[PDB]
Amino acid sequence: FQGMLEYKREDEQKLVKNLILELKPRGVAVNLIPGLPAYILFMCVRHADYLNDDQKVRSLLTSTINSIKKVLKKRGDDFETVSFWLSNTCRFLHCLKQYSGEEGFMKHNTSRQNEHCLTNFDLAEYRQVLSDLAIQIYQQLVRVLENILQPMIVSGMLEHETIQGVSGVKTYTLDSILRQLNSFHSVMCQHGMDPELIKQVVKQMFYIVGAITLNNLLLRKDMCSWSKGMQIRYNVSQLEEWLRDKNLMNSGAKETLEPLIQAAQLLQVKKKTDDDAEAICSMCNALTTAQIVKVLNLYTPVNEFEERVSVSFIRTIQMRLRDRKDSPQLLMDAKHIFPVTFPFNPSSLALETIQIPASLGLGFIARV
């Protein structure tokens, strides 16, 4: 077996119906081998290349791309569906690179894998189409994950009171958020998403959690107190622990929380003297002037003995930050998406070992 798959051109629409349009992300076969639909489609591309059949390669690629776009339009509100197709679009792109026969993409190949390179067609124009599509599919995933998290954020990060996580004497909780992040991470891993892509997804969703949290704090009257600063610092420390548990500290995710971290620190720091003001100006390098001024204006005294922050103290901070080219924006842009990349991730999977389970309904294709 050479690691190719043959099909009759008459069956191309049934191929993509069964492998893409109607394929269930929870099926046993594709969970035993993550990326299986991408490997099978690539093995089909190999045989059309072997035949030197331009029109068959063109038809298969168009049918494949159109079918992935159709699934994501119809069911693209579903996290598992979007994760699954993002993962498989990426793996299909990696296969087209790894088996292109271009020297730069072959550095991690076995001898046998090099024997599986395409021999008749340069598919660089389709690789570029797939890369461009992957950017948009990732944006779709980010918005689906945001919509799921959004109702939990303020309740769990701000409204739910704890004492270092424990109910105090004195709806969604911090634990709700962490369990939901757990679910997102589990599903991406089950789908074989690239580790470098999972890192980006996690950085983006930490950015969203921090930005929704800080904007909500800036827009209400009751979240700027010593007590709430303590709570926010605890909650962020558990988000950092989640990263450590997942071995994701190098994702950049913790750094995206710096504006919320600094706002919470402003709730704790001394707020009286000119040295206190200088310290705030050096500390708050991830908050705009308007954000610093808002938190200090909102700050609630810890008891009846404490005065509100004085207006002259706030003015001192405003005056000493004038040199900033500071954006007068009060709110973080919670819709920002960090530009995503898909670094080449070759696979050790040996194509000649791939079996086609009966459960996919692909009996009409043949191993070559």
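Start at 1 and count along the sequence shown; that's the residue number.
Asks: Can you say how many deposited residues have no coordinates in the span between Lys221 and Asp222, choosing none, 1 to 3, 4 to 9, or 10 or more?
Replies: None; the chain is continuous from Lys221 to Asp222.
Asks: On mean C-alpha B-factor from the PDB entry, just flag whether 142-150 or 101-109 is the higher one.
Replies: Per the deposited B-factors, the answer is 101-109.
Asks: Decide which of the stretches 159-167 and 264-272 has the higher mean C-alpha B-factor, going by the entry.
Replies: Averaging CA B-factors over each stretch, the winner is 159-167.
Asks: Can you tell me which of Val311, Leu61, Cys44, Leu321 has the highest Cα temperature factor in the record?
Replies: Most elevated C-alpha B-factor of the set, per the entry: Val311.
Asks: Have a look at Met249, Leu96, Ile212, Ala277 and flag the one whose Cα has the highest B-factor in the entry.
Replies: Result of the comparison over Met249, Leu96, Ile212, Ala277: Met249.
Asks: Mind checking which third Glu115 falls in for C-alpha B-factor across the chain?
Replies: Top third by C-alpha B-factor.
Asks: Divide the modelled residues of the chain into thirds by Cα B-factor and specify which third, lowest, middle or highest, holds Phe79.
Replies: Middle third by C-alpha B-factor.
Asks: Among the modelled residues of this chain, does the Cα B factor of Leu330 put it in the lowest, middle or highest third?
Replies: Answer is highest: the recorded C-alpha B-factor places it there.
Asks: Going by the entry, which third of its chain does the Cα temperature factor of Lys69 land in?
Replies: Its C-alpha B-factor belongs to the lowest third of this chain's values.
Asks: Relative to the other modelled residues of the same chain, rank the CA B-factor of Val340 and answer lowest, middle or highest third.
Replies: CA B-factor rank for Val340: middle third.
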